[PDB]
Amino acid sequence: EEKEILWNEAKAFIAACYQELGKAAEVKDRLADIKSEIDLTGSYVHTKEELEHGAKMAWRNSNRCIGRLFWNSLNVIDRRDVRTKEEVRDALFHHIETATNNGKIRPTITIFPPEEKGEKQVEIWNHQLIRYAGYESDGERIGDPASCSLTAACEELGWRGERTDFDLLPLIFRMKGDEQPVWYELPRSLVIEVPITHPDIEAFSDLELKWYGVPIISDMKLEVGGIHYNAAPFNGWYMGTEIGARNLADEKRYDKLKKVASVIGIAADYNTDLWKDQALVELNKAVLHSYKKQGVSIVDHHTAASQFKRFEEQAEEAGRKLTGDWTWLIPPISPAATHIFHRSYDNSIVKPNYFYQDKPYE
């Protein structure tokens, strides 16, 4: 039956993919070779054209993503030829460098060898290639609490953090056959960081906040026509609210809101003063200003919502059925000031797509 499920997903993907590429005539002969290759080897290998477009369709079908307007300009890097740890590490180093692009971030995905028969060729442990470590013992909260389990796993493998609030986690991944993953420190020259300042309030610098330039999700599975690419890290650019409203604001993250209220000169005592809402706005203004001043790509949630409406229009113009997750598409700051809040979306899962998968550390 395992040879059946792949043949069904391949017949659905190839037909849809070749039709969108104007290659509908080449369809039937391609699945003939596919149906053979599956019968013989138990799987099949995508063309570079199928793999590139398949990764673009997967982004187009991500119901929770507000930045899908630019799905067709995704920069796909085919690294299915990788066999060694040094090749994985260099390919990841290269992804960071080419996606960063001196600040003018290029949406990029590096695609590693897919699973054979459920057996992963490379198993990435990082949630994002660039992320800050987190520590909790004592009653000391240091760094990013969301990275607490991964940090504890890295420190069993010989790594040790300086225990600042912004320790860069190392790359950590396991190869097929090896019992334990390897880890490699990130070269600081590859990692752009943005210090958070406010355009009007000079005291905002006293918070000594910063964030990294490029969010590179590295723990999701790309599924294209039945082929399971468990290791395929991708990146866009940040929407400001992800940093200002969640990463630096959540109580279970960096929890900076009352420190923000202090440096902007308002009290944090009464709910009716809306000090949290006011602090959230000034922190988010600071994030956008700081990324723009440094020359690192970022988008505000209003512009992003406008772009997503064009994606909604482009979808209907092309006859494509639009799918979306309202609960994730609305921004966490002023959601009712976007058109997204005032309409409905079908949360149906369409393939190709990106999916969660179990963490190897827990």
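Start at 1 with the first residue shown and count on from there.
Q. Out of 52 to 60 and 32 to 40, which one has CA B-factors that are higher on average in the deposited record?
A. Taking the mean B-factor of the alpha carbons in each, 32 to 40 is higher.
Q | Mean Cα B-factor comparison, 204 to 212 or 178 to 186, giving the higher one as deposited | A | According to the PDB entry, the answer is 178 to 186.
Q: Have a look at 228, 163, 276, 285 and flag the one whose Cα has the highest B-factor in the entry.
A: Highest CA B-factor of the listed options: 228.
Q: Would you mind checking which of 333, 296, 45, 305 has the top Cα temperature factor in the PDB entry?
A: Spelled out: the listed residue with the top C-alpha B-factor is 45.
(Q) Quick check on the deposited entry: does the C-alpha B-factor of residue 83 sit in the lowest, middle or highest third of its chain? (A) Top third by C-alpha B-factor.
Q. Among the modelled residues of its chain, does the C-alpha B-factor of residue 107 lie in the lowest, middle or highest third?
A. Answer is lowest: the recorded C-alpha B-factor places it there.
Q: For residue 142, return the chain-relative third of its C-alpha B-factor as stated in the PDB record: lowest, middle or highest.
A: CA B-factor rank for residue 142: middle third.
(Q) Based on the deposited C-alpha B factors for this chain, I'd like to know if residue 253 is in the lowest, middle or highest third. (A) According to the entry, residue 253 has a C-alpha B-factor in the chain's lowest third.
Q.
Which third, lowest, middle or highest, does the C-alpha temperature factor of residue 301 belong to within its own chain?
A. Lowest third.
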